[PDB]
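Following: one structure in structure tokens, then a few remarks.
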Amino acid sequence: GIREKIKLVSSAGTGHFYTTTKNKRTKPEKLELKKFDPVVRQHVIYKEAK
Amino acid sequence: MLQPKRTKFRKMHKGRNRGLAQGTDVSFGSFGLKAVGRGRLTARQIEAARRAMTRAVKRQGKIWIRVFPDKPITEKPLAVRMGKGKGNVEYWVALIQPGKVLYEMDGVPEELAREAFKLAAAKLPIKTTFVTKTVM
Amino acid sequence: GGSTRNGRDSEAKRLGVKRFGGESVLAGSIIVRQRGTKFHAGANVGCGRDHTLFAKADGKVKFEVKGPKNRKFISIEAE
Amino acid sequence: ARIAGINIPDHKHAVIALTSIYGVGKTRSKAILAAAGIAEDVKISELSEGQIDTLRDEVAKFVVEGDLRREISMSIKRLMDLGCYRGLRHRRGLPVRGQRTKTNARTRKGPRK
Amino acid sequence: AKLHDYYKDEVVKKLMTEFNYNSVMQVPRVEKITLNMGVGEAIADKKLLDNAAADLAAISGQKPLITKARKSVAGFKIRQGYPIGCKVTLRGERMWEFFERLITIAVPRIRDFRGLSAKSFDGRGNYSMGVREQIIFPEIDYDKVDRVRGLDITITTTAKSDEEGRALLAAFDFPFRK
Amino acid sequence: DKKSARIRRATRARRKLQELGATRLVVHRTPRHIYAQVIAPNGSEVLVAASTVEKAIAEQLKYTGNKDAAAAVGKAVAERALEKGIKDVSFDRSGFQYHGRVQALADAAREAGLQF
RNA sequence: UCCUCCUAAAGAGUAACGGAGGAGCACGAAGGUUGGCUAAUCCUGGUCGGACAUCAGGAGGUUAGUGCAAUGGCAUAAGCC
RNA sequence: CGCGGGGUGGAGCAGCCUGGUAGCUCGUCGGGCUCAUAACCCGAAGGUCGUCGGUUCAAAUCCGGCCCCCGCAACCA
RNA sequence: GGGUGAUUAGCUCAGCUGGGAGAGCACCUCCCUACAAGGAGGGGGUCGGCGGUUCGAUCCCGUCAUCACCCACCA
RNA sequence: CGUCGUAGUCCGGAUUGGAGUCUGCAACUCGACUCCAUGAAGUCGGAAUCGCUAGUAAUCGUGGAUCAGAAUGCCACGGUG
């Protein structure tokens, strides 16, 4: 019960999210990652846990 | 005393005892005792055989032995309905086959080396032979 | 737990003998996690994540039988 | 400014870095300040402009450290090089003055934790 | 550099037949001056050590940094990646500039100047050559009355014997064994 | 010694060139001399070479180890490899880091007969 | 239930409620890549200096190392900067 | 996707719903008193309220979050 | 023979994200008068040993000692 | 009269040190004196607790016996009050 499961959203705008886990017990800093999607065809950073 | 350093793998299995041995000519003295048969020896049995030779020569000779135990034996106090696991270790053993030299001496006459190696024959599973240096 | 549970040994060793292949791929000994002695030739590379032996060729295997240490390389030659 | 000490007056009187320099005690540093024309009025810690030079000429007139005691490289033999009980007690954490050890023993040469 | 080429021009090269050497490539050279500072086990305030490292960076052309121990399991019952010193080591142009104020003069502050041992062994001709204590250089914000300080001076050489290092050391202001 | 450190920077590149095949350009240097040689896909034969040890290359230089000397070997090996129809190859650098004199050789080859 | 080494026979499969021990999760990093770097441990002198860590020298081990255990690979590093 | 409350000097618990003003009761310590210790008595010491923002002239006090800690309940593979 | 656990200051015992160990008694010096009760001032242990694992072991791992318990086997 | 405005201080004296001066059968050990060098602790004190009468208490001065030399012990005498 020691990790969070978060919803990251594209810097290009997406109703969908990228699904991943994060720290909640010893790191207050954020998780941000570049990913592709065929609606914007650009490969873009997904950010902020919605 | 007469056991190798402990390991996490101490429940060793029995093999299959077979012929041929490479070490057959004396290397510590001029007189020795050779197996000329096959079997197994305990860590108390080799010391009881050494003690019989020690008491036959006392100060007149130093004794050598080529044997130190390489496996334990797994043992339990009574028969059981079968069964669980594998029993614990209780004593240590060395393996012998016919060409092997077992014991050596040098500081004594041959007629006393014969007597000291005769005085151990009733403590051993095989009917041993006397060996000399024999050089031309 | 803890408990001695032993597990199962799972396949490995050989798949066939002599100069094999002639359809699509040269499948060698099915030995997993192996990167010590059995390899493909640089001229005809293959193998996956698990280092299970194969070489990328539609023809027939040949062995080079020589190399560094104990390397013998599954190779190709035209017939 | 540095003329004889290694310290600086911050709020204490002008006798700091002029006293205890291993050559000038509390009575003599007072006399040096008067000989340099410095007064005790309003407890000065920072001197007047160029006034350090008039003070420097007086403290460089006294002997310090390796010039205060200038034969200790030769006086050592009668203490450490030959048999010397006056030294042997010092190198065992003991005094050599006829000390009343039943009163003064303290911590610095053996606890008392 | 003021003085530097002398240490390969004629130093020991004028005496190399006392060693029966024929080529000037058989003769010793200096490689570096290592330096090592007494850290005094300090950890809880640690700013007086950072200021003593600023006074070490005042005598070395290097950036002040930290050294690690090689062991992560030891009889000292050590922790992982353990910070054990600083070095701040001198080679080339920074070593020849360091020779202008260090390893050359110590008498501007004295009490006896005859004491202390001046020995070393290495078998290859590397040395420990410090004469102890400091005279302190004229700078700014240096009136802190800072206590328990030490700096040990070692040399690394191209020499092949214990006496070749002792012959090369004669090119510096070192007092030698009685 | 630098040779024993240079092979530690070359054995992986060479084992990976053994997967690629074709000719190797074998670009090599020492502080006094620069070298290149086109060796066959089996290592049994050399096709053509160039170096700052050649009589005419060595005299038309101010130093046989300079960037201009590495460029002179680049222009020579590219001319001599173009004479043998060589194209579409990779750059083998014999355990050396590519910056400086090794890049000055590669740029001199660019308009002379060899591009990577 | 799954998994590393072994019983298991110069293919597999496999005994028994057999020998030694792991996984049910963690690090967006130990992922991708360019280039660089080289690892147990021991002895001696010099010191802050409380055996030995350190500073340097001498000897010797790819038995060091890897998010986790095992086993093998591995400095060509897939090991760490 | 669902649940009520607390965190106030060293504890315990008020104060918060009155925005501007720190309290009760123990403990801790200095004196006073005696044939021991103590108890009692008269004083003292410790306080922008777990903590980061927002609303406002103004926040312990009004609202949103994060952590420590304890009840309750509908849908929940 | 086989097995589960306990052993921490002179005493009784807490003490596992293992990391350089602690209170209450007791005792010394004392207060009160010559003591007891107890107020004030003060010290600390191969954590029963051995030998390992570990960055670190009182604690984990294998054993010996001291102490208590479980068992001579279902009909 | 001059001065600090409360600072571990112009406070404070133990210790680590120097060089002279005197006595004596002899002063390293187990003395005095002088002029100088280093200058810690101490910020009015556990549980608590001592004393008191009128030239007295308080406080600051003076002398002397024990001696060759040598007390903060011993015994005594004024001012101010």
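Chains: A, B, ... in order of the structure tokens. Residues: from 1 per chain. Ligands: from 1, in order shown.
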Practice item. Name the residues of chain A that fall into strand (DSSP E) according to DSSP on the backbone, using the chain letters and numbers of this document, as a VMD selection string. Key: chain A and resid 3 to 10 18 to 23 33 to 35 44 to 49
Expected file contents, prior selection, N, CA and C atoms, as a CSV table (one decimal), in the first residue's frame:
```
chain,number,residue,atom,x,y,z
A,3,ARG,N,2.7,2.9,-2.8
A,3,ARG,CA,2.8,3.7,-4.0
A,3,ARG,C,1.4,4.1,-4.6
A,4,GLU,N,1.4,5.3,-5.2
A,4,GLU,CA,0.2,5.9,-5.9
A,4,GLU,C,0.1,5.5,-7.3
A,5,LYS,N,-1.1,5.4,-7.9
A,5,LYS,CA,-1.3,5.1,-9.3
A,5,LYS,C,-2.0,6.4,-10.0
A,6,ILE,N,-1.3,7.0,-10.9
A,6,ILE,CA,-1.6,8.3,-11.4
A,6,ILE,C,-2.1,8.4,-12.8
A,7,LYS,N,-2.7,9.5,-13.2
A,7,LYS,CA,-3.2,9.8,-14.6
A,7,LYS,C,-2.5,11.0,-15.1
A,8,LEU,N,-1.5,10.8,-16.0
A,8,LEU,CA,-0.8,11.9,-16.7
A,8,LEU,C,-1.4,12.3,-18.0
A,9,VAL,N,-1.5,13.5,-18.3
A,9,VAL,CA,-2.2,14.1,-19.5
A,9,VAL,C,-1.2,14.8,-20.5
A,10,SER,N,-1.4,14.7,-21.8
A,10,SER,CA,-0.5,15.2,-22.8
A,10,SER,C,-0.4,16.7,-22.8
A,18,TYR,N,-2.0,8.7,-19.7
A,18,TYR,CA,-1.0,7.7,-19.6
A,18,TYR,C,-1.0,7.2,-18.1
A,19,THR,N,-1.1,5.8,-18.0
A,19,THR,CA,-1.2,5.2,-16.7
A,19,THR,C,0.1,4.6,-16.2
A,20,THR,N,0.5,5.0,-14.9
A,20,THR,CA,1.8,4.6,-14.3
A,20,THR,C,1.7,4.8,-12.8
A,21,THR,N,2.6,4.2,-12.0
A,21,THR,CA,2.7,4.4,-10.6
A,21,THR,C,3.7,5.5,-10.2
A,22,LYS,N,3.7,6.1,-9.0
A,22,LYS,CA,4.6,7.0,-8.4
A,22,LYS,C,4.8,6.8,-6.9
A,23,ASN,N,5.9,7.3,-6.4
A,23,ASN,CA,6.2,7.5,-5.0
A,23,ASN,C,5.2,8.4,-4.3
A,33,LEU,N,6.8,12.4,-18.7
A,33,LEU,CA,7.4,11.5,-19.7
A,33,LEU,C,6.9,11.8,-21.1
A,34,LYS,N,7.8,11.8,-22.1
A,34,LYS,CA,7.5,11.9,-23.5
A,34,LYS,C,6.9,10.6,-24.1
A,35,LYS,N,5.7,10.7,-24.7
A,35,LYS,CA,5.0,9.6,-25.4
A,35,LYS,C,4.3,10.0,-26.7
A,44,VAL,N,5.0,13.7,-27.5
A,44,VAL,CA,4.9,14.9,-26.6
A,44,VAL,C,5.0,14.5,-25.1
A,45,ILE,N,5.4,15.4,-24.2
A,45,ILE,CA,5.5,15.1,-22.8
A,45,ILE,C,4.1,15.2,-22.1
A,46,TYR,N,3.8,14.1,-21.4
A,46,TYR,CA,2.6,13.9,-20.6
A,46,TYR,C,3.0,14.3,-19.1
A,47,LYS,N,2.1,15.2,-18.5
A,47,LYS,CA,2.4,15.8,-17.2
A,47,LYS,C,1.1,16.1,-16.4
A,48,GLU,N,1.3,16.4,-15.1
A,48,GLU,CA,0.3,16.6,-14.1
A,48,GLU,C,-0.6,15.4,-13.8
A,49,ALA,N,-0.6,15.0,-12.6
A,49,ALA,CA,-1.5,13.9,-12.1
A,49,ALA,C,-2.9,14.4,-11.8
```
**Study point:** Within 12 Å of residue 135 in chain B using only C-alpha atoms (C1' of nucleotides), minus same-chain residues under 4 positions, as a ChimeraX atom specification
**Key:** /B:25-26,30
Quick one: write out the picked residues with N, CA, C and O atoms as a short mmCIF file (atom, residue, chain, number, x, y, z; two decimals), in the first residue's frame?
```
data_model
loop_
_atom_site.label_atom_id
_atom_site.label_comp_id
_atom_site.auth_asym_id
_atom_site.auth_seq_id
_atom_site.Cartn_x
_atom_site.Cartn_y
_atom_site.Cartn_z
N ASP B 25 52.88 -45.51 -4.13
CA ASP B 25 54.29 -45.57 -3.71
C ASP B 25 54.58 -44.62 -2.54
O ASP B 25 54.13 -43.47 -2.54
N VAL B 26 55.35 -45.08 -1.55
CA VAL B 26 55.69 -44.32 -0.32
C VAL B 26 56.31 -42.95 -0.62
O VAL B 26 57.09 -42.81 -1.57
N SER B 30 59.76 -45.02 4.63
CA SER B 30 60.37 -46.21 4.00
C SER B 30 59.54 -47.49 4.15
O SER B 30 59.86 -48.50 3.51
#
```
**Study point:** Selection near residue 80 in chain G, 10 Å with only C-alpha atoms (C1' of nucleotides), sequence-local residues under 3 positions removed, as a PyMOL selection string
**Key:** chain G and resi 37-38+65
Selected residues written out, C-alpha atoms (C1' of nucleotides), as a PDB file, in the first residue's frame:
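Contents of part.pdb, freshly written:
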```pdb
ATOM      1  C1'   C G  37      36.739   4.442 -16.654  1.00  0.00           C
ATOM      2  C1'   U G  38      38.384  -0.433 -14.236  1.00  0.00           C
ATOM      3  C1'   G G  65      30.190  -5.888  -9.445  1.00  0.00           C
TER       4        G G  65
END
```
Practice item. Taking the DSSP assignment computed from this structure's backbone, write out as a ChimeraX atom specification all residues of range 13-103 of chain D that belong to alpha helix (DSSP H). Key: /D:26-35,51-59,65-68,72-75,85-88
Practice item. Return the single residue from I:55, I:27, I:11, I:70 that is closest to chain E, with distances computed using only C-alpha atoms (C1' of nucleotides). Key: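 Among the listed residues, the smallest separation from chain E belongs to I:55.
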Review point. Which one is closest to chain E: G:66, G:54, G:81, G:75? Count only C-alpha atoms (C1' of nucleotides).
Key: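 Smallest distance to chain E is found for G:54.
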